[PDB]
Amino acid sequence: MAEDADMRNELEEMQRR
Amino acid sequence: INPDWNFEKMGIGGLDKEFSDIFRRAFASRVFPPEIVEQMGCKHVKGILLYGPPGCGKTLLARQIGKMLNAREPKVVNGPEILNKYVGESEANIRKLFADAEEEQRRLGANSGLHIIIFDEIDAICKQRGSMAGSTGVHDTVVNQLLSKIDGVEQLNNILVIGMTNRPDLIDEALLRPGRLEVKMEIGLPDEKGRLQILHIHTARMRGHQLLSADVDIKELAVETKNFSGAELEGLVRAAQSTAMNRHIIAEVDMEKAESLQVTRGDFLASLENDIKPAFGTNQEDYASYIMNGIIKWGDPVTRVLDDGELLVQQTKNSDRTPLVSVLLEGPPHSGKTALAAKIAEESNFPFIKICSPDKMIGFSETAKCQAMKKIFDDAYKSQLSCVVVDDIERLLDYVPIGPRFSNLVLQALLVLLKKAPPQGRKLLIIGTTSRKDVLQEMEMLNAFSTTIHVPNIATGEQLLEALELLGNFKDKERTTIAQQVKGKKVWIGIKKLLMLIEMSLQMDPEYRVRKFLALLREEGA
Amino acid sequence: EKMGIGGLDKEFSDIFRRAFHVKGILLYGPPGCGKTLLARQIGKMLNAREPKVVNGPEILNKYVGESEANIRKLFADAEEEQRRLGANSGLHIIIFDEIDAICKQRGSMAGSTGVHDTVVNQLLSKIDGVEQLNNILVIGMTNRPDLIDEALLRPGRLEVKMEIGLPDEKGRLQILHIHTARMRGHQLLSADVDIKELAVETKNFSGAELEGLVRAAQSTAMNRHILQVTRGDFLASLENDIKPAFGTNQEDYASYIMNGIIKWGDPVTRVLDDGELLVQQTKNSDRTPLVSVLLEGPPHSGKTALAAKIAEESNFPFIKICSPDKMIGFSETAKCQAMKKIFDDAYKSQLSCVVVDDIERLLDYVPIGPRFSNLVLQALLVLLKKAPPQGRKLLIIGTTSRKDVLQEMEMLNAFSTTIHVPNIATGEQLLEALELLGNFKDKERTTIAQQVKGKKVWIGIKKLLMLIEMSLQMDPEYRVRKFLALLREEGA
Amino acid sequence: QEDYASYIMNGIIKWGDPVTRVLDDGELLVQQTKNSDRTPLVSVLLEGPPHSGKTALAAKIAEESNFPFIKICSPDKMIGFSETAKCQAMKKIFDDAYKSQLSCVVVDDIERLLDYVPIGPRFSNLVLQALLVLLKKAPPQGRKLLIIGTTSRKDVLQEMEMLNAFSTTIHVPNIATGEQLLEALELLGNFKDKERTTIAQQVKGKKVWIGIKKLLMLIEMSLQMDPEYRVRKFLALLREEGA
Ligand SMILES: Nc1ncnc2c1ncn2[C@@H]1O[C@H](COP(=O)(O)OP(=O)(O)OP(=O)(O)O)[C@@H](O)[C@H]1O
Ligand SMILES: Nc1ncnc2c1ncn2[C@@H]1O[C@H](COP(=O)(O)OP(=O)(O)OP(=O)(O)O)[C@@H](O)[C@H]1O
Ligand SMILES: Nc1ncnc2c1ncn2[C@@H]1O[C@H](COP(=O)(O)OP(=O)(O)OP(=O)(O)O)[C@@H](O)[C@H]1O
Ligand SMILES: Nc1ncnc2c1ncn2[C@@H]1O[C@H](COP(=O)(O)OP(=O)(O)OP(=O)(O)O)[C@@H](O)[C@H]1O
Ligand SMILES: Nc1ncnc2c1ncn2[C@@H]1O[C@H](COP(=O)(O)OP(=O)(O)O)[C@@H](O)[C@H]1O
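Residues numbered from 1 in each chain as written, not as in the entry; some residues may be left out. Chains lettered and ligands numbered in written order. Part of a larger assembly, values for the part shown. Heavy atoms only, no water.

The deposited coordinates, according to the entry record, derive from cryo-EM at 3.8 Å resolution.

Draft legend 1. The arrangement of the domain arrangement of chain D in detail. Residues and elements named next belong to chain D. Domain annotation for chain D reports domain 1 (1-173) and domain 2 (174-240). The partner domain 2 presents 13 residues to the 9 residues of domain 1 that form the contact. Looking at the side of domain 1 facing domain 2, the largest losses of area belong to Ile13, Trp15 and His51, adding up to 67% of the total buried there. Applying the counting criterion to the domain 1 and domain 2 interface returns 0 salt bridges. Summed over the shared surface of domain 1 and domain 2, the result is 2 residue pairs in polar contact. Looking at the side of domain 1 that touches domain 2 residue by residue, the class counts come to 5 nonpolar, 3 polar and 1 charged. (Domains from an automatic or database assignment. Contact = heavy atoms within 4.5 Å. Buried area = accessible area lost by both parts, 1.4 Å probe. Salt bridge = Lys/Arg side-chain N within 4 Å of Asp/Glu carboxyl O. Polar contact = N/O pair within 3.5 Å; in protein donor to acceptor, adjacent residues only side chain to side chain. Nonpolar A, V, L, I, M, F, W, Y, C, P; charged D, E, K, R; others polar.)

Draft legend 2. Broad picture of the UniProt feature "binding site: Mg(2+)" in chain C. Residues and elements named next belong to chain C. Per the UniProt record, "binding site: Mg(2+)" is annotated on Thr304. Along the chain, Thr304 falls in helix α11 (residues 304-313). Exposure remark for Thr304: the relative accessible area of 22% places this residue in the partly exposed category. Those residues in contact with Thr304 that sit more than four places away from it in its chain are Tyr256, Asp357, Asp358 and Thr399. (UniProt positions renumbered as here; feature names shortened; annotations may be inferred. Helix = DSSP H or I, 4+ residues; strand = E, 2+ residues; numbered from the N terminus. Buried < 20%, exposed > 50% of the residue type's maximum accessible area, 1.4 Å probe, protein only.)

Draft legend 3. Broad picture of the site of ligand 1. All names here are of chain B. In the vicinity of ligand 1, 17 residues are found, and the nearest of them are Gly57, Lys58, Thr59, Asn166 and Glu234. One of the backbone N or O atoms of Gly55 is found 2.9 Å from an oxygen atom in ligand 1. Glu121 has a polar side-chain atom sitting 3.1 Å from an oxygen atom of ligand 1. Notes on ligand 1: free accessible area 640 Å², of which the protein chains cover 74%. Here the element with the most residues in the shell around ligand 1 is helix α3 (residues 58-68); it accounts for 3 residues. When its residues are assigned to classes, the shell around ligand 1 shows 6 nonpolar, 7 polar and 4 charged. (Near = heavy atom within 4 Å. Areas by Shrake-Rupley, 256 points an atom, 1.4 Å probe, with all protein chains shown as cover.)

Here you go:
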């Protein structure tokens with residue numbers, strides 16, 4: 001099982017010209 | 001160049017030698033003829049850290065050193081605020097943290113600003129390089145940027161960082177070493193002397209005022225207050241002033257009336273009463289649950305046994321060829337073994353004493369029942385000197401007469417911890433209770449215990465009658481009715497069973513108390 | 001020439017050798033050992049080239065593309081100097097630190113993190129793509145090689161990998177010579193300084209950690225509390241080493257040996273000479289690759305002290321002591337794990353002596369309802385017999401208080417040339433040992449002497465040494481009577 | 001196909017009749033396998049007292065056959081493993097062996113593998129039954145695999161009903177007679193005839209029972225300062241086993 005694998009992700013695009 | 005010239009050792013008491021270490025590590029290389037410092041060729045230190053347990057004023061050092069040094073005010077880091085979602089920003093906040101410093105390094109480099117940063121709660125920001133703490137995303141690894149800025153290719157001799165933790169070992173191996181974090185030292189639970197000094201600092205302003213702290217006797221308060229420290233210690237008076245003035249503030253209506261009375265004194269007995277409300281980190285206050293009616297001295301045996309107790313105490317206190325000493329006190333059931341093992345501690349007056357017992361753990365498997373014991377004895381080793389009690393060996397290592405049954409890992413851990421002395425210079429006392437000793441003989445622990453005591457139980461009426469004059473609840477008429485019958489009987493029974501039977505027998509009837517007392521006493525004995 | 005490093009000629013020559021145009025130089029090992037001073041020296045010693053200070057994960061930007069833009073801008077050599085000057089030979093160098101945050105196995109690791117957060121592909125592909133840009137050189141310093149070594153290496157680009165970081169038990173002298181050069185040239189350092197004397201306590205105390213004490217020895221002399229100048233004494237060094245700094249020390253022993261070894265009779269000399277003979281048997285003989293002995297005694301005579309004495313008497317590279325003192329609670333499987341760990345350490349070392357103390361409480365023996373740890377027993381028993389690979393040699397010495405159980409379980413046969421430790425033989429030995437210790441004096445000795453010959457005595461010295469203390473505490477009048485009372489209580 | 005000097009580091013000696021007596025039948029049984037149509041597999045014991053050197057004898061038998069595929073199943077590589085992974089490894093070894101054309105496999109220190117202790121007999125029956133099935137498990141194909149067991153004591157195996165599953169057995173007696181003892185010592189070349197005369201008078205008259213792996217150890221233990229007087233040490237050491 002290995003339950004509670006809750007994870008979070010980050011913005012790395014920051015689309016801008 | 002030099003600090004603000006107004007420090008004069010303000011803010012702290014109880015930590016003197018560690019702040020001296022701070023002088024001679026941090027400020028020495030700064031405060032000296034700098035020509036001769038060029039003659040030295042030693043770069044200045046950066047990277048203090050403070051890994052004290054909660055309380056004990058680590059933060060206040062981290063504030064007062066900044067108050068001392070004359071430079072731009074230190075850029076606080078109130079825990080993690082560098083972290084942000086957009087990757088690169090978490091890593092790059094630190095360059096902004098160091099930019100002015102390296103600017104002053106490059107431009108106007110010789111005599112410098114000597115900027116400082118506090119960098120509190122490293123336990124959040126730093127970890128074991130991302131391997132530990134689950135799967136910590138690479139956002140977590142800002143330690144790499146920090147490392148490279150503090151001791152990487154480009155070097156800084158103009159700034160110092162400070163650290164503050166409650167759990168240092170969680171930090172990676174890398175930072176703690178010299179060049180990155182030069183000095184590491186705990187802030188310990190202070191001794192009685194330092195506790196007096198700190199309490200004196202908090203009370204000093206009021207004592208200076210004419211109308212406050214009458215009859216407070218801070219030295220008495222110090223010897224009373226055993227393990228209170230730091231924040232707990234000053235929170236005591238932060239509650240005592242309040243208890244002193246609740247008398248005045250309420251007179252329960254809309255308006256609150258204390259205006260006429262500003263003569264407030266903050267009396268002693270308020271602080272003494274106040275001691276009851278705070279609870280310290282170590283749950284040692286509840287002695288009563290073990291000793292609910294204390295020890296009544298009946299005959300010579302208790303005297304002799306406690307004399308052996310103080311003998312043994314002063315033995316370990318004085319000698320170095322026995323840094324450890326180990327003894328059970330054997331008795332039959334219901335003979336006050338636990339209590340009479342607590343009283344020797346109360347006589348011993350050691351700093352660190354703890355009672356390990358199944359009463360603390362009721363339904364823990366043998367493994368956790370071992371690791372708890374391991375924690376306890378590790379803390380005792382961590383102290384200079386201590387007294388550990390193991391109550392009901394028979395229960396800690398489980399024991400049942402039907403078949404040979406017990407938990408052997410408990411026993412192995414306990415026996416090993418008996419033979420294992422503490423480190424050099426430390427000392428220890430360990431003492432145990434059991435209602436059963438033939439078992440311990442069978443399983444070869446009575447060897448490991450250095451010596452023994454056989455605590456008796458009440459054997460004859462010339463003991464019982466004096467024990468019964470003690471403990472009240474009786475008078476001479478019942479006593480005379482008893483004395484003839486008891487003298488022939490020469491009863492053998494234990495005190496706990498006595499103290500129970502007496503209460504139940506007496507509950508029934510004002511007249512018929514003895515007719516029940518002796519009637520049930522016929523059962524036990526003969 | 002080697003200046004500022006002072007650590008080792010070995011790697012300073014070996015990295016350059018069979019390298020020098022190479023691309024991909026990588027440097028790892030434990031933290032320290034001047035991996036930065038490598039750059040700070042060689043960049044200057046080479047032809048006056050840009051150091052190119054780079055701060056590792058600084059390349060990461062929130063915007064797309066700027067991350068790769070930085071590292072393609074950074075090189076500035078393949079663009080022009082590949083052709084310019086008619087050189088076809090560059091000197092530019094790029095140095096990166098803490099590369100682990102920059103690199104991962106294939107991008108999906110430690111959270112399956114996104115494509116623009118994890119692009120190693122750019123640098124994986126530059127060298128092994130359009131061409132091998134061989135006009136420059138990269139230096140990668142990783143203090144944690146396990147994370148990136150497994151999945152970031154291709155041979156020819158990154159075949160180069162060299163472990164670094166030995167203490168250099170004589171080269172640390174040369175190291176600290178630099179940072180003491182100015183204190184020696186300037187009339188600061190002491191006359192009583194023996195530099196080898198202060199450094200030989202630094203077996204595992206690494207040269208990187210070996211400048212904090214020097215700053216502290218300068219500073220304790222500087223120390224003025226709440227004039228005299230240039231007092232750089234030697235007093236500071238030993239206090240600095242014992243208290244402010246200890247690191248990667250990983251060395252704990254010689255606390256089982258306590259109060260020393262006292263020759264209270266011929267048996268002690270006998271057993272020690274036998275152990276000496278046996279260690280010589282190990283050392284000077286083939287076809288005896290491992291030796292295994294058990295010394296039985298009754299309890300409280302003392303056997304772990306004897307085993308540690310036999311260890312410390314003989315110079316070895318590898319000695320380790322297995323006790324439950326460290327691994328209480330560690331269950332039947334973790335115990336054998338630790339045991340095979342230290343025996344593999346021995347099998348790596350070229351010549352070693354391991355000790356096991358108190359197997360009777362290591363393998364969890366209890367007399368009633370007899371039970372023990374079958375698995376650790378059966379592992380230990382095969383370890384006694386498992387020879388190392390070849391040419392290296394091993395000793396395994398064991399203590400216990402009970403060998404009847406071992407004979408019953410056939411451990412005894414597997415042991416080789418077992419021996420017997422005695423209790424205190426008689427009161428003659430007892431009282432001469434008392435006078436050897438010096439806890440008693442001749443008058444009370446003579447007083448004890450009255451009741452010696454009438455009764456023979458079988459007692460262990462550990463018990464004797466505990467037993468004397470309570471009587472010593474007791475007043476001088478009731479001292480000897482209590483002592484003799486306990487002695488007639490136990491051992492009659 | 002390792003070199004297997006780790007299991008034979010000193011060497012193999014025919015100290016007397018019994019060595020040729022055993023390995024004759026060993027190679028005989030090998031040829032029997034190689035020309036067996038009925039029985040694809042066989043299983044032998046090299047039983048004897050514990051210091052007989054039976055392990056080394058098994059290895060010599062294997063390398064004299066020179067099969068393509070031969071491997072060990074031993075605790076020295078299977079250490080600290082719980083019973084289910086011990087069984088898994090000693091099973092996958094045979095699963096790798098079945099596919100080769102023909103082979104011998106050897107299992108050494110069956111008892112230490114089986115986790116046998118005599119205080120109150122206990123062990124892992126799991127590996128036991130895993131082994132009792134693998135003794136008799138014929139490969140699916142005609143290919144032949146033989147088995148070499150290296151037990152230390154036999155009564156317990158026949159107490160667990162194991163020999164009846166094994167095809168056959170060998171008794172490997174250790175050094176029995178002082179003249180054969182003396183001949184092995186002469187082969188090993190430690191002492192000269194000068195000392196050997198004293199050895200001849202002292203132990204030649206009375207037969208002695210000693211294991212050879214204990215012998216070659218204790219001669220090295222008495223080797224130190226051998227010229228003046230270590231023969232008496234050797235003699236007193238030998239006296240307590242053999243008498
Ligand atoms: N001289 C002193 N010694 C010890 N403690 C003091 C002293 N003077 C004041 N204090 C108290 O110490 C507290 C500081 O808390 P401290 O930082 O020691 O706790 P902490 O658990 O280390 O906090 P954190 O771990 O979150 O940084 C103050 O709230 C203050 O009341
Ligand atoms: N020396 C003593 N004299 C008189 N009373 C005693 C003495 N010691 C303890 N007591 C009384 O005994 C009570 C505590 O009993 P205790 O918990 O020691 O029993 P116990 O040791 O748990 O019994 P058992 O070991 O049979 O389980 C206390 O309330 C106390 O008043
Ligand atoms: N050469 C010696 N002769 C006699 N006693 C010694 C010698 N060397 C050390 N000792 C004593 O032996 C004691 C410790 O012995 P050791 O710890 O090896 O056995 P032990 O663990 O006490 O035995 P057990 O495991 O049966 O309790 C020390 O207190 C020390 O005084
Ligand atoms: N005739 C012989 N045949 C094979 N080996 C011999 C002979 N004579 C001496 N030896 C030696 O005996 C050693 C092998 O011993 P072996 O491994 O059989 O003991 P063991 O059976 O493992 O003991 P235990 O069963 O108690 O583990 C080898 O080192 C080898 O040189
Ligand atoms: N001979 C030496 N060996 C190891 N470290 C040294 C030596 N000489 C100086 N140093 C110190 O080493 C530090 C650089 O070490 P570095 O290689 O960066 O360690 P890490 O690899 O742990 O970051 C410098 O701050 C310097 O004080």
